[PDB]
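Novice: Right, I'll just put the structure down here and ask away after.
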Amino acid sequence: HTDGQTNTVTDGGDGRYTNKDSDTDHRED
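Here the entry's author numbering is used: position 29 in the sequence shown is 29, and no number is missing along the way.
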């Protein structure tokens, strides 16, 4: 009901450091 975001985290493939990426996503609307 097409307001609102989806959930978005990314962990950068790896590395073992704090490779904490972000994003966006929505009900693309």
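Cβ atoms here follow ideal geometry from the backbone N, Cα and C, with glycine treated the same way.
1) By Cβ distance below 7 Å, which residues in the same chain neighbour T2 in space, the five residues on each side in sequence not counted?
2) Among the residues of its own chain, which have a CB less than 6 Å from the CB of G12, if the five just before and after it don't count?
3) Helix, strand or coil: which one does DSSP assign to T10?
4) Reducing DSSP to helix, strand and coil, say where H26 ends up.
Specialist: In short:
1) Position 2 of the sequence shown, counting from 1, holds the residue named residue 2. Here the set comprises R27 and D29.
2) Here residue 12 corresponds to residue number 12 of the sequence shown, with the count starting at 1. Same-chain partners within the cutoff: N19 and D21.
3) Working through the sequence shown from its first residue, we reach residue 10 at position 10. Residue state, collapsed to three classes: strand.
4) Position 26 of the sequence shown holds residue 26. Reduced to three states, the DSSP call for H26 is strand.
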